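Single-letter residue listing:
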Amino acid sequence: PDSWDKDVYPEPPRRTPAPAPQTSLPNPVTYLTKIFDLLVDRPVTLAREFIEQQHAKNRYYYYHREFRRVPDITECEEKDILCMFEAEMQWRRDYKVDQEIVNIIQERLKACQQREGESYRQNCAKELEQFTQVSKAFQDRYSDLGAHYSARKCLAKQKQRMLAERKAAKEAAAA
Amino acid sequence: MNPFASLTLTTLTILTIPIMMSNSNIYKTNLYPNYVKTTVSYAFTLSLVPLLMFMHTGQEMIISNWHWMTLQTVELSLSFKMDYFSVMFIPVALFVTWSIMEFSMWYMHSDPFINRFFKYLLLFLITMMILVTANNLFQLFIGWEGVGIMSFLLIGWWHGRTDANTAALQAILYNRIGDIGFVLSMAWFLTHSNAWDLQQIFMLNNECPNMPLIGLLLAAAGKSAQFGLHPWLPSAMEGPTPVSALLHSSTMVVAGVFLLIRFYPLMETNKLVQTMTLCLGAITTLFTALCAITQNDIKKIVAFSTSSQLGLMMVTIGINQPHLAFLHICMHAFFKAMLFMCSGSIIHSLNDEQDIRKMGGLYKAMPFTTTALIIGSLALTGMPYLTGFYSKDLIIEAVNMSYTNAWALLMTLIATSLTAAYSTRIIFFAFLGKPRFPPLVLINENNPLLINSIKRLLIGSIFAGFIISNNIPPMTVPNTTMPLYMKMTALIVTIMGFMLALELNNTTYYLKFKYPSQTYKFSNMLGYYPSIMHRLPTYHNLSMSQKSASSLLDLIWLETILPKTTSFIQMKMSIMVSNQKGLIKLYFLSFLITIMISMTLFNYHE
Amino acid sequence: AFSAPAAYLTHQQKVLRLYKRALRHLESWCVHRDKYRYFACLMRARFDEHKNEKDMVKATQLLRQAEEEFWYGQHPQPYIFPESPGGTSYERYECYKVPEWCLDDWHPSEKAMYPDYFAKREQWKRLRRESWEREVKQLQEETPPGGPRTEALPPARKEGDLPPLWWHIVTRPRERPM
Amino acid sequence: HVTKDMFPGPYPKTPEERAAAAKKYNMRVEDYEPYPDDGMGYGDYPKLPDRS
Amino acid sequence: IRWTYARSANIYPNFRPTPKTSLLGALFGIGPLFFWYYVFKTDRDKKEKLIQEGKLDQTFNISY
Amino acid sequence: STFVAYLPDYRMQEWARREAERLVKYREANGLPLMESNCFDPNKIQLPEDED
Amino acid sequence: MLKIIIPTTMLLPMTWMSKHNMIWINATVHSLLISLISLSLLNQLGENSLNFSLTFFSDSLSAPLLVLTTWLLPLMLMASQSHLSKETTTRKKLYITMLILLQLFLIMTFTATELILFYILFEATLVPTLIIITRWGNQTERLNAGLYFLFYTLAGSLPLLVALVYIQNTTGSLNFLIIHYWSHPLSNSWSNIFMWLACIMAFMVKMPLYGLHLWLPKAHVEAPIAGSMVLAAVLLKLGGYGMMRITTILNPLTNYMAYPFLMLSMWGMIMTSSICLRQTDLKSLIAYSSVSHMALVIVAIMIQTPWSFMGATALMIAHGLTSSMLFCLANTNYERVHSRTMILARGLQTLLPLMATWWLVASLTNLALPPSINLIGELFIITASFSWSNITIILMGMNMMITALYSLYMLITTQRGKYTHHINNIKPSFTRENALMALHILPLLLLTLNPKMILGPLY
Amino acid sequence: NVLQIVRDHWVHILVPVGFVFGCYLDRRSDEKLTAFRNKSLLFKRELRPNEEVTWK
Ligand SMILES: CCCCCCCCCCCCCCCCCC(=O)OC[C@H](COP(=O)([O-])OCC(O)COP(=O)([O-])OC[C@@H](COC(=O)CCCCCCCCCCCCCCCCC)OC(=O)CCCCCCCCCCCCCCCCC)OC(=O)CCCCCCCCCCCCCCCCC
Ligand SMILES: CCCCCCCCCCCCCCCCC[C@@H](O)O[C@H](CO[C@H](O)CCCCCCCCCCCCCCC)COP(=O)(O)OCC[N+](C)(C)C
Ligand SMILES: CCCCCCCCCCCCCCCCC[C@@H](O)O[C@H](CO[C@H](O)CCCCCCCCCCCCCCC)COP(=O)(O)OCC[N+](C)(C)C
């Protein structure tokens, strides 16, 4: 349904075959499905219609909270406590958002594996590639910080990685 | 909305209503057991519909309905997998539980706590469904430990009897040894694949390393009582016969094999773990079939038969045929439960006697019980066109046509001969010959509950193999080309076992008495495994936990070093300082020494 | 289980116990009745062959030899009666046994049901309370000065006495309590 | 109502101490045998046969 | 009462430091600690050396 | 228990989920990588001049 | 957060002004109301803590601990009024005063924003506990137990005071927020090593770490029931809370100073679990259980990962509830038969069935049956340790098997078998005891229903 | 007659009164930390036409 965006959680076009009866015998599954429909799906639908009718008479909205962007930990003086506090809060929010991004990608991967059935090893290559990329990025950013993590430790990790990459690049240039 | 999911969830949900009714005025009446039995039968007939949907269109589903909690990158949610294994195992388990509850309505009629017993049986069934339908490792572990605790409570049903409590604790010990490997697998999968759910695990492990699979194998060996951790299953016969028929024969003990079947995509890509599984299954089935052929308690014989069939299931998994192993589970449930039920009928008729040496000629005194036991024995031995045959025959012929360990093949063949030998022993000893039971004959099997239950399981044991084999899609590549002699290998070895056991049982009529050999003593005393492993490790563990952990360290040396040394030193210095005679001469001389030292030591250095 | 034991067993007691054990284990080996009867008659003949030995030393030597042979040739899994100390129903009903003093703590509403049973219980309690001192004094009289030497108790001898220390033997729960 | 002379004590040396210990533990003097007098802390307590 | 008192309170008063007592205490209280320390230190040094060389296959190791 | 069950979402789980959905939508459409290894813009970082 | 502190200070004169026969009722009702008020602290944020003032703050680590303290007070009141019936009115009021003062000190300890104030309160908790143990204990060993409890604690805590004042002279502040934001690494020098040891050993002895735990069996066995409840449920968690707070300034030195404490924790976990297998006193068994669980908590805090911190928080809460319930269960039998020996009263399931059900549930939570929060914490810690090193699973695995063994050993010895023939004074369970067990056990499963409330700030 | 009832159950208002007093003192403590009210870079906001302070 329209509850979620179908671009963030995509699905294939859902091709299903038409029934081709080849026996004179009746199909018990169809008879049981008709019984289940008429006996379960209709009263539930009526109850849902009543509940939605009651809901439409009382409609109110809640809004997603917006946050502005503040200076990062790089634009803060060494002992400036207030700027450090704002930067740390913003960094923590970004960490939560990145965790949720990884969660979305993992949900895509699991849904693909279940959906594709016996052809999952070939039909889910793109989702596996996306998860590998996002996992590599996330791992670089936050792994090994440990408990008592902060924006300063993440910055130190990034600086160390940049220094190593610069040295490797300059030594490969001399080759 | 495609009723598959709603029906699969309702089947599991309606099983809990009698549990919620356990504090109402139905639990204090005598209508509670029939109420529980009716609930289980209704659950079975409801679960029959998703099975039909699957058999028609192959439909499968996963349902993640409740999000329990979320970690930074790991999401844990209540999820149910409704694939072929779940939708096939649920109706079989419900059918067997219905039959066994109706049997228990007659077997445990004189028990003052039958309502509690029925509640307990129902609780075990719920935990087993949780285990079977679980989609993530945490839910599967919940079901695992639930069935373990339920079996602990049902084994020690007669809690005033020391041996029952010992058997229950032994079962807990062995299952905890397996739980170690289960937890190892969980930790490895979370730290390497970042998930506990099944779909993610399959995707991220194209070539699974040794450690998680070895952990899974250890857990399966614990739960299915393989050779390392076998002895607890025979000792679980301390519980009432319905517990032995439901839990320790057909449903709860296949949990390890089911766990290995669930993770078959990972086991498919590791040869070493497959070889270890094959060898473990082979040694287990051979050893237990060898122990069974000389047992005198009938429940012990059926328990060892169950352990040997679990070993055969493990062998089937070891040759990369998990679907055959699942089919064998479903096939074996029927006749194993009905065999235990017939054993319970015989036990109840002969004033709670279990020894076969005091059971005489019941072929005529017990016609329906004899018929059911004969049919079950013939099905267990894989007689052609019976339920046992559509799984065991294919298992044997698939072991023969594979690149496999030769010793494992030999042990599998010897074990499948010993199966017919032990089955023959029960029939010859229990049903043929002349009476050996006390003279006050109370034999009476005319009770509609017993007849109906055993008749239902008998129809199952006759027709389920054909029906289920013809109603499942082909998930294997068949062996269509065999040498004629190898195609008949199972039949030949079964017939040889039959004839050899018949000769060795006929020679007992002779008026000749010779002392037993050492081979007989080894077979009868279970290879002395419980005689040594339940005395040496336990003795050394308990003796060391008293002499060293409690006494040597905690009560002596840890006391000696920190607090006793401090007290001794403080007391000695207190005695030194405080014991002066009070003579001004001595400490004024002390003052002189102090004054002189002070000028030179601290005063000369300015 | 009901008789007070003695300080030791006698030679004939040991021979009888070995004879019973050997017969039981032979029955365990010989499942069928006719074969068991044959070999039991053979065993009885073997036992009564040396019945008339006036040398007690050689009698005990033969008993030692027979016990060694029995231990070598015993059945590893002998038949046990279901309620015997090794049977499958040995202590099965011990959890259903409730001591009689628990009835003293029932709520008066619970005792409102079963009035006659509790009247009989009160009569029994009064009987015990009246007989206790006579039991104690009879034990005091009949006991030798150097304390009792066996676990055998004297019976009642006087007009309306009761055998001393009887309450917990008479008021056993049951063998099938519930 | 267990007096302090009814409690386990140190390892007995003289035969009179052994007799008193055996009387305390309700045993015959020739049946009473303490543990070997190492530093294990067994002390006065009797070493009974190791049958379960 | 005598059994429980002997098992709990009478032990230390009847304790003497002997060569046997000292050796058993030192062994059973010291040996396991350094055994496990050596095992764990060796394992973690090997793991750290492998990580330094960039060959441990830490792919997908998000949670620690 | 009811009060704890109905506590308002001050942990910002749903806010974070919606923010991540917006970010994934925007980055997927533009062809940009889903996530970046560096969480801080290198233009605001000044590495030391000499590494020798 | 004076809306919680002030009502307890009002509990004090409410108790001292009550009628002689309403003290228990009034104390219980108002303690329960204070617990309901403290329930509001569970509404925590995702990024920072609740900073009420310059003096008090509430984190996601201390809010469940405060809720546990305020919930434990009424249970102790119900558990104490049975054996204090013959006591005079003044001494009963003094006992309630000791309990109230202990709760007040504990409440202020978990919310102090500075380390010196935290130290002063965490050390003030000693006086009421020592008085309770040495005045209202039953046997003559209570005096020695009080001495052991006092000096083991102070010998660890005084170097902490020296280190704290030194740190404040060095960095200029002991406020926890400033300490966290202005953190600097510790070099590898002997001065820094001894600073680490001074900052760690007091919390180690509070847990207590194996080899430093001898005070705990004495104090927890010789105390009255309320003393045992508060010693096992809350006072042991002071060490864990303080260690997770203080480890912020100890990096990167911990990376190698944790090895001896890790080895001690794992091996002594095995040892204390084994000790539980041969124990004649029923209370000492529960005490050694506490030692094993706290060794697991020590390991989790020392390896310093988010999963280990989550597991440590969950395990501390779960252990508090479970161990308090087990102590109350043992005290019921002690009050019936006036003996602590485990094999004296047997077959109690025949005589007391509902109490047997309570025993079964308590011993099932002790062995961490899923999906209890006991198992959630244990499994998180085990996974974190496995990531730390794959060989820990063996030691962890052995512990799981042993814990199940001794838990079910306790259950089978006390409840199954045949009732001792000579004991005829086993009266039916009172409503008070059943309500006590229910109020212990129901919150455990309710918390299982919503486990993010006890998983700490790393969630 | 309420004299005896009050003199027997007046100890039941101490704890609720302490609760309301603690609430009042918490509000008073919050009143002394407004040095950055409506001044943070993240929550700085233009005032509404009627309101005086963004929080109390
Ligand atoms: C054609 C192609 C295929 C060829 C296949 C093979 C061809 C050969 C065909 C023959 C096969 C076997 C036939 C029967 C075998 C024996 C039968 C028998 O019972 O014998 C009686 C005799 C004991 O009789 P008893 O104690 O007087 O009787 C009890 C009373 O009557 C009291 O009576 P009860 O009421 O208590 O009853 C006792 C009960 C129980 O009886 C017993 O107690 C003994 C059980 C013996 C049977 C065991 C069979 C399985 C053996 C598996 C071995 C695995 C490896 C073990 C390794 C051990 C390592 C230490 O008896 C039974 O229930 C029947 C037993 C089983 C009958 C059916 C057997 C079928 C399986 C074997 C045939 C397989 C056919 C198909 C083969 C397909 C191959 C592709 O046991 C034996 O002596 C023979 C057993 C074989 C043991 C040999 C092991 C070696 C021993 C020496 C060791 C040397 C050590 C060297 C140095 C080492 C240094 C480290
Ligand atoms: C005696 C007879 C017993 C058997 C008979 C019983 C009959 C059936 C009754 C049993 C109920 C079955 C349980 C099944 C679960 C249903 C309830 C569940 O759905 O509610 C949870 C909610 O549970 C609560 O959150 C957990 C309760 C909180 C526990 C706190 C304990 C209270 C304090 C007590 C003292 C504290 C001591 C411990 C200190 C830390 C869901 O959480 P959540 O996913 O969000 O909800 C999503 C929607 N919301 C968010 C809008 C609400
Ligand atoms: C019963 C339970 C009690 C609680 C347990 C408390 C645990 C305390 C253990 C302390 C852990 C480590 C302490 C010091 C860190 C390293 C230890 C040392 O052995 O390592 C080497 C040290 O080398 C040598 O060992 C020198 C130390 C030798 C003297 C120490 C005495 C140890 C004897 C054992 C006494 C028992 C102590 C506990 C009393 C109960 C490292 O070489 P080095 O690089 O040079 O030193 C590092 C410091 N630098 C960088 C400033 C130079």
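About the cut-offs
- Residues numbered from 1 in each chain as written, not as in the entry; some residues may be left out.
- Chains lettered and ligands numbered in written order.
- Part of a larger assembly, values for the part shown.
- Heavy atoms only, no water.
- UniProt positions renumbered as here; feature names shortened; annotations may be inferred.
- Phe/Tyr/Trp six-rings, centres within 6.5 Å; stacked < 30°, edge-to-face > 60°.
- Helix = DSSP H or I, 4+ residues; strand = E, 2+ residues; numbered from the N terminus.
- Buried < 20%, exposed > 50% of the residue type's maximum accessible area, 1.4 Å probe, protein only.
- Axes fitted to C-alpha atoms, helices over the stretch in contact; angles between N-to-C directions.
- Parallel < 35°, antiparallel > 145°, perpendicular 65-115°, else oblique.
- Left-handed = near helix turned anticlockwise from the far one by under 90°.
- Contact = heavy atoms within 4.5 Å.
- Nonpolar A, V, L, I, M, F, W, Y, C, P; charged D, E, K, R; others polar.
- Expected span 1.5 Å × (residues − 1).
- Disulfide = S-S within 2.5 Å.

- Judging from the entry metadata, cryo-EM is the method by which this structure was determined, and 2.6 Å is the reported resolution.

- Chain G appears in the PDB entry as NADH-ubiquinone oxidoreductase chain 4 from Sus scrofa.
- Per its UniProt entry, chain G bears the Sequence similarities (unreviewed entry) comment "Belongs to the complex I subunit 4 family."
- Taken directly from UniProt, the Function (unreviewed entry) text for chain G runs: "Core subunit of the mitochondrial membrane respiratory chain NADH dehydrogenase (Complex I) which catalyzes electron transfer from NADH through the respiratory chain, using ubiquinone as an electron acceptor. Essential for the catalytic activity and assembly of complex I."

- Chain B carries the name NADH-ubiquinone oxidoreductase chain 5 in the PDB entry, which gives Sus scrofa as its organism.
- What UniProt states about chain B under its Sequence similarities (unreviewed entry) heading is, verbatim, "Belongs to the complex I subunit 5 family."
- Annotation of chain B in UniProt includes, under Function (unreviewed entry), the sentence "Core subunit of the mitochondrial membrane respiratory chain NADH dehydrogenase (Complex I) which catalyzes electron transfer from NADH through the respiratory chain, using ubiquinone as an electron acceptor. Essential for the catalytic activity and assembly of complex I."

**Looking at the packing of aromatic side chains**
Line of reasoning, step 1. Enumeration over the complete set of coordinates arrives at 82 aromatic pairs over all chains.
Line of reasoning, step 2. With centroids separated by 4.9 Å and ring planes inclined at 80°, the aromatic side chains of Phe 428 of chain B and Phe 429 of chain B adopt a geometry described as edge-to-face.
Line of reasoning, step 3. Relative to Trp 29 of chain C, the ring of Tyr 520 of chain B has its centre 5.5 Å away and its plane inclined at 45°; by these criteria the two rings are tilted. Taken as a pair, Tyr 520 of chain B in helix 24 (residues 518-524) and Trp 29 of chain C in helix 1 (residues 11-29) lie in two separate chains rather than in one.
Line of reasoning, step 4. The class of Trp 29 of chain C is buried, set by a relative accessible area of 18%.

**Focus: the packing of helix 9 (residues 210-224) of chain B against helix 14 (residues 271-292) of chain B**
All names here are of chain B.
Line of reasoning, step 1. Where helix 9 contacts helix 14, the two axes come as close as 10 Å, and the packing angle between them is 15°. The angle between helix 9 and helix 14 falls in the class roughly parallel. Where helix 9 crosses over helix 14, the handedness of that crossing is right-handed. Residue-level inspection shows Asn 210, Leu 213, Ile 214, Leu 217 and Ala 221 of helix 9 in contact with helix 14, the latter providing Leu 272, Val 273, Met 276, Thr 277 and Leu 280.
Line of reasoning, step 2. Residues that form the contact of helix 9 with helix 14 fall into these classes: eight nonpolar, two polar and no charged.

**Quick word on helix 21 (residues 431-449) of chain G**
Line of reasoning, step 1. Look at helix 21 of chain G: 27 Å from first C-alpha to last across 19 residues, which is about the 27 Å you get at 1.5 Å a residue.
Line of reasoning, step 2. Looking only at helix 21 of chain G, the buried set comprises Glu 433, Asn 434, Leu 436, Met 437, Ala 438, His 440, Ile 441, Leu 444 and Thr 448 of chain G.

**Considerations on the state of the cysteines**
Residues and elements named next belong to chain A.
Line of reasoning, step 1. Counting across every chain of the model gives one disulfide over all chains.
Line of reasoning, step 2. Across a sulfur-sulfur distance of 2.0 Å, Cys 112 and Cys 124 are joined as a disulfide pair. As the torsion about the S-S bond is roughly -105°, the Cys 112-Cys 124 disulfide counts as left-handed. Here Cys 112, found in helix 2 (residues 81-116), pairs with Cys 124, found in the loop between helix 3 (120-123) and helix 4 (125-142); they are 12 residues apart in sequence, far enough to count as distant.
Line of reasoning, step 3. Accessibility expressed as a relative area gives 1% for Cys 112, which makes it buried.

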